[PDB]
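Chains as they are written, first to last, in the numbering used here: chain A, 6 to 92; chain B, 21 to 154; chain C, 1448 to 1527; chain D, 210 to 409; chain E, 320 to 400. Every residue gets a Cβ at the ideal spot worked out from N, C-alpha and C, and that includes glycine. Take a look at the structure set out below.
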Amino acid sequence: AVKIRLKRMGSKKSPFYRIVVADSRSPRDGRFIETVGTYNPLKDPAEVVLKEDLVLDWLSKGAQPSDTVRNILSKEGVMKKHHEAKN
Amino acid sequence: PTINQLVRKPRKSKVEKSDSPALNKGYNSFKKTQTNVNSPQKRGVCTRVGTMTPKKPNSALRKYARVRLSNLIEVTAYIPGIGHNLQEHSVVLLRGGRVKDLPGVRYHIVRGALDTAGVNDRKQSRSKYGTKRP
Amino acid sequence: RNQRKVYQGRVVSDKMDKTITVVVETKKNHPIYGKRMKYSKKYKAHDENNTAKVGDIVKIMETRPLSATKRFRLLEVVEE
Amino acid sequence: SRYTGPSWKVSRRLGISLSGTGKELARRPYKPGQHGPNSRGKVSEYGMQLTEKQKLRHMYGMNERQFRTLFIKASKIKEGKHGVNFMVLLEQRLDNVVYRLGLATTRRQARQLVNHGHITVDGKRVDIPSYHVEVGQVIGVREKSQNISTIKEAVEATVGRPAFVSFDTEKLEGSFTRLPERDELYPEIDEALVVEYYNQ
Amino acid sequence: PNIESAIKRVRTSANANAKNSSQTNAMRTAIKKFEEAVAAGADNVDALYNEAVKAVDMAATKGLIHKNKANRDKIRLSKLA
RNA sequence: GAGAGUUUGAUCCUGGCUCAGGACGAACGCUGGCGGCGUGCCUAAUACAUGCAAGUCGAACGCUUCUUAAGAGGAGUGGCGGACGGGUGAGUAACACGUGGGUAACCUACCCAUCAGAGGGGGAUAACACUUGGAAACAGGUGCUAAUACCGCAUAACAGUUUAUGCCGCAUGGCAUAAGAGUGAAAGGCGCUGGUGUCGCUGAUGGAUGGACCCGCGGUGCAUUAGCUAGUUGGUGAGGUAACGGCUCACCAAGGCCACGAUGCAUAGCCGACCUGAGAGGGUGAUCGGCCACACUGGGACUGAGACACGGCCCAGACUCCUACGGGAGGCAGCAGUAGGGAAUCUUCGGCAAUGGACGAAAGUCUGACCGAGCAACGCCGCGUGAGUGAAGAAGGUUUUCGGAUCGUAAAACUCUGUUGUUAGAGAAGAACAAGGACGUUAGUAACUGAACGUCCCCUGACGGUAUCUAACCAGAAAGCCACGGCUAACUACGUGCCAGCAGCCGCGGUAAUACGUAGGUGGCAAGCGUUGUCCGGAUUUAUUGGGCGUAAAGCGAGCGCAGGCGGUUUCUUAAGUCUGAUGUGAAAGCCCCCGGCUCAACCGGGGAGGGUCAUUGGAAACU
Ligand SMILES: [K+]
Ligand SMILES: [K+]
Ligand SMILES: [K+]
Ligand SMILES: [K+]
Ligand SMILES: [K+]
Ligand SMILES: [K+]
Ligand SMILES: [K+]
Ligand SMILES: [K+]
Ligand SMILES: [K+]
Ligand SMILES: [K+]
Ligand SMILES: [K+]
Ligand SMILES: [K+]
Ligand SMILES: [K+]
Ligand SMILES: [K+]
Ligand SMILES: [K+]
Ligand SMILES: [Mg+2]
Ligand SMILES: [Mg+2]
Ligand SMILES: [Mg+2]
Ligand SMILES: [Mg+2]
Ligand SMILES: [Mg+2]
Ligand SMILES: [Mg+2]
Ligand SMILES: [Mg+2]
Ligand SMILES: [Mg+2]
Ligand SMILES: [Mg+2]
Ligand SMILES: [Mg+2]
Ligand SMILES: [Mg+2]
Ligand SMILES: [Mg+2]
């Protein structure tokens, strides 16, 4: 299925992540449909940059966030917006 | 040439050839064919060890060895330095490089590699001739 | 609605029934020397009633494969 | 790596005083070696260019590889003369910044201070002598290290601060007010020859 | 096989193949009876027609033949009838 | 967009050779302190010991063994996964790939949303119980046994198809409405109170994703490879496919490709990219990303939404292994590792803590993907191997014109520092979670639990006591390599005597060698240095940009000539080329520009730009 998940980048022991829309079958760092945000856990308040409109459109289209992306979208309130849209 | 002539028969640059061809071809025992592999050095066995006479300007007894390489090609290689321990059936390593004096010698036998002992008493440019720092 | 590629050409073979061979006759610059060269590409187009003859200027629109080589449909006979 | 051999010998080979005192050249101002005292033949154009390049890199105590990379950075700079920009970057090097402020008598001494961490930038330890110091940054001695005879003697002895530096003795803190100018740098060194050398 | 799951799939695929081939042959026999009856001009042609269509649809179900395959077969049978 | 050396007694020209620059998945030789990041079978797609690399679900089902009726096990059946992820590039000169389009000729499990259904029965069979054969592998026999396993019947046509209308396109035709004829399904589990939440089940539709096919254009050598083709080219039917189609078959014709290079041969995965270059170009296709093909060799199909399936099946073949000799078993181009080949490439390591993936309601299980650690100076970057003072200049080396000169402020001596090193203490971020427990809001209910959403409590680190921080002790443990005749920065003494030997090119050595060996000095670079190998440059040395042919290499001995190339002036017209506006695209990462983050740098991250002889559409008509 279509997944919204973290593609790891950066260097050894210095992780960074791009929140990207990708098919669940594709490799973690390989083919992906589209990038939607970034996520740097090394900052005390994990820094997140997000394309909320793109995320909401994909969620409506049926994209399934991973667990960490679900936490990220909850903290950004995107999950609440999607919930309201479903209602 | 006219532009139309060039279209009909385009330019073709000369083909360049290595100065040490024996190092550019490997061997495959299974298929018993030669491969195209670029190697910095190649191992061989001394089929004959002796001396050679230089070209006209020079006169000496230049020490050489006829070596069959790992790819089954026989070549002639020079033995740099003063004195050596090489006999026939000795396993040696060959590097590229011509010897201007000798007619058909294109390779040097690396000193300090495999059976080739370094040059005794060498103290300057020791990395060449393969002698340990004393 | 999406458009299918259409080509203008000259018929060069009609001995085959229900079909024709068309030629495009373009010119392209030689990649190295830049001289304009006569480039000829020919397609096998489907004629419903063998209306077109040899040496006729016609138009053909690409279609689903109609045979082993056919990929085009005859549209008009611009000249005879 | 870091050169550690004699300093006078390097300076007299270059024919100019790296320390700026002229002390090395004062006695025996020949090139080093047994062939020094006797005259030597004239040098070729390649030799002249090499000598100027060596002057710069030995002045700032750098290795050739890092020196070449720094030269390319100066090239990437758009405005002003390429050689002048290159020398300006050489000054902005942290070792020379400390030396200009006068916390050390010699660039070797300044380099050792920086490497051992006695120097701080804006209150933050920086052990990299190669560190690029920008205009306005505050270079200061580590609090623990401020009470060391070495830097104490160096500061009190150093009298002349270049116009482009501003220094405070009590705090042992200095900073570049502006970039050095061509004249403020060493005028003996011809940067054009070095530019041509690396232009090859 | 070297994997327990691989061995299990061998058994299940064998059983499924037996069942699928049996049912597919049943559908083919139904169509075969209808076509022979059509050629002979028999009297139960309509009954055999309905049974052939019924068999084709039941084969489409259970995933013996693709839906397009079933639709083409039904069109073929209708033109024959 | 730099040149230099070398033909000669000297010169100009022509011309080759060689060098100065840069690059590496490099190897070798001498040497070697540390850290960050990255890279590491290029050869034999050679053969592989051993270990692991794909399982999961008890909330689908029935059994079976133990723990004081529990939970923990065991194998069944059944569902999903196994077609992903990982590896290699052998094959392939081809719609394989790149780019730009087309499909009104297509399919799509899981995921989202919508509309419907979810009724009734039936017969089995593993497991199990015995029982035959055997070392086991495993093969059977009989007798039962359940299901979300299987099969019928019932209803469902919104699916498809046919007709009639209406609208529309690009020829076939597309969409909408109505009718009509034939037929098609399912399964229950968990939990609340016959009703019901939720996970499942069946039909149809749309979306998303993935896949399939067709087409324009582009990227190898050879003519000492010129003809090739016979389901071949087309048509008519039939069958087949998800789908169009010689995809297949029967008939009908004789067509089709080819100097715009077919065919054959040789070589080759293609690309983003990477090295080089002023650019045009030349070379490469490692690492990373996309696509493709392959899974011991060859062939075939089964299951499935999806394979003609790396760790599945059948057959054949080559090879290997275990046997009680009866009979069995296997495929590292998965991670390590072994042997072999080679100049040459690593540990048979820790963990699922993070990201991702399979199953499951979930805890959670699995995950040699992936995170880490290990080994190699293999590469790039960073820091050291001490700092200040220190003599008309100690001794010792070297050399002296015996005065001295040089190694040399170098050392010694004095005064400092601890990056590093050792010793001790302190010590992370990476962790977000999920589950679980509290509550609260929306939609639904008759009501609940529950669904979704929101705030709290709690929970978890292999790396690892790692990075990092603090304090104390010691200049103490930490510098080699090449070169010094010209090119080319660097010179003397001995030894040697065309010998030994050196040499990239020119060229040195024949008893006074700055060219050989050593020593002393000096130059270049530095934990590296040098040699070899390969690629681009210089090389205008294949000259499109950008060369030539009287004597340097180069005009066919001459003509006649098909094809092709080129073509006098001018009116109108067309728009193939040509030029141009707008628009779509040229993925991400990478180069380059800006801005941040790592003590700096490498490196990492953010934002741009560029990149096409790209494609659609709209224009102009000077030139061809
Ligand atoms: K199973
Ligand atoms: K000469
Ligand atoms: K020349
Ligand atoms: K499956
Ligand atoms: K294409
Ligand atoms: K046909
Ligand atoms: K290949
Ligand atoms: K194969
Ligand atoms: K498998
Ligand atoms: K995990
Ligand atoms: K396991
Ligand atoms: K020389
Ligand atoms: K030209
Ligand atoms: K003539
Ligand atoms: K035009
Ligand atoms: Mg955090
Ligand atoms: Mg370094
Ligand atoms: Mg390989
Ligand atoms: Mg190949
Ligand atoms: Mg069922
Ligand atoms: Mg050029
Ligand atoms: Mg395997
Ligand atoms: Mg320390
Ligand atoms: Mg010189
Ligand atoms: Mg010498
Ligand atoms: Mg060229
Ligand atoms: Mg001539």
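Listed by chain order, chain C residues near residue i by CB distance under 7 Å
i	result
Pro21 (chain B)	Here the premise fails: no neighbours, minimum Cβ distance about 10 Å.
Contacts that residue i makes with chain B (C-beta to C-beta distance below 8 Å)
i	result
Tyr1486 (chain C)	The premise fails here: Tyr1486 (chain C) is roughly 12 Å from chain B at the closest Cβ pair, so nothing lies under 8 Å.
Option in the options with minimal Cα separation from residue i
i	options	result
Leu312 (chain D)	D:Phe276, D:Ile337, D:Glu288 and D:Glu379	D:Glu379
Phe376 (chain D)	D:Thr230, D:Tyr255, D:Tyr308 and D:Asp336	D:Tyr308
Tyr407 (chain D)	D:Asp336, D:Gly242, D:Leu265 and D:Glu362	D:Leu265
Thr1468 (chain C)	C:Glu1523, C:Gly1481, C:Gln1450 and C:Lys1491	C:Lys1491
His341 (chain D)	D:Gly224, D:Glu254 and D:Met296	D:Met296
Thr71 (chain B)	B:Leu122, B:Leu134 and B:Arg131	B:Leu122
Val1471 (chain C)	C:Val1459, C:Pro1512 and C:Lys1482	C:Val1459
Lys1517 (chain C)	C:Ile1507, C:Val1524 and C:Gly1481	C:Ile1507
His267 (chain D)	D:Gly214, D:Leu322, D:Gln243 and D:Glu288	D:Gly214
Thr314 (chain D)	D:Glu288, D:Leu299, D:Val350 and D:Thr367	D:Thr367
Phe280 (chain D)	D:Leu223, D:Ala372, D:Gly292 and D:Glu397	D:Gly292
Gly289 (chain D)	D:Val403, D:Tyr395, D:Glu390 and D:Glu405	D:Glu390
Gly117 (chain B)	B:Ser38, B:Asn24, B:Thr55 and B:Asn140	B:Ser38
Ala374 (chain E)	E:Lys352, E:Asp362 and E:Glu323	E:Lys352
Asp1464 (chain C)	C:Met1484, C:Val1524, C:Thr1498 and C:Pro1512	C:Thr1498
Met14 (chain A)	A:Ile77, A:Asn76, A:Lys48 and A:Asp34	A:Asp34
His128 (chain B)	B:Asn78, B:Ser79 and B:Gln61	B:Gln61
Within chain B, the residues that residue i reaches when beta carbons sit closer than 9 Å
i	result
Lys1482 (chain C)	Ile23, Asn24, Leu26 and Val27
Proximal chain B residues relative to residue i, where beta-carbon distance stays under 7 Å
i	result
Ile1507 (chain C)	Under the 7 Å cutoff, chain B gives no residues; its nearest Cβ is about 30 Å from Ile1507 (chain C).
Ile1479 (chain C)	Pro30
Bridge partners - residue i, DSSP secondary structure assignment
i	result
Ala68 (chain A)	Partner(s): none; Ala68 (chain A) has no beta bridge.
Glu352 (chain D)	Its beta-bridge partners do not exist; DSSP assigns none.
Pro20 (chain A)	A:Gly15
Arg302 (chain D)	D:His341
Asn56 (chain B)	B:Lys45
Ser384 (chain D)	D:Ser375
Three-state secondary structure (DSSP) of residue i
i	result
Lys1489 (chain C)	strand
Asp377 (chain D)	strand
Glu1523 (chain C)	strand
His87 (chain A)	helix
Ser248 (chain D)	coil
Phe50 (chain B)	coil
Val1471 (chain C)	coil
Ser341 (chain E)	helix
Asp28 (chain A)	strand
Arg118 (chain B)	coil
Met1463 (chain C)	coil
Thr367 (chain D)	coil
Supposed close pair residue i, residue j - CB separation, criterion 8 Å
i	j	result
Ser40 (chain B)	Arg126 (chain B)	6 Å
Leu303 (chain D)	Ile337 (chain D)	7 Å
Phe1519 (chain C)	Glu1526 (chain C)	Actually they are not in contact, since the Cβ atoms of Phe1519 (chain C) and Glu1526 (chain C) sit about 18 Å apart, beyond 8 Å.
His87 (chain A)	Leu61 (chain A)	6 Å
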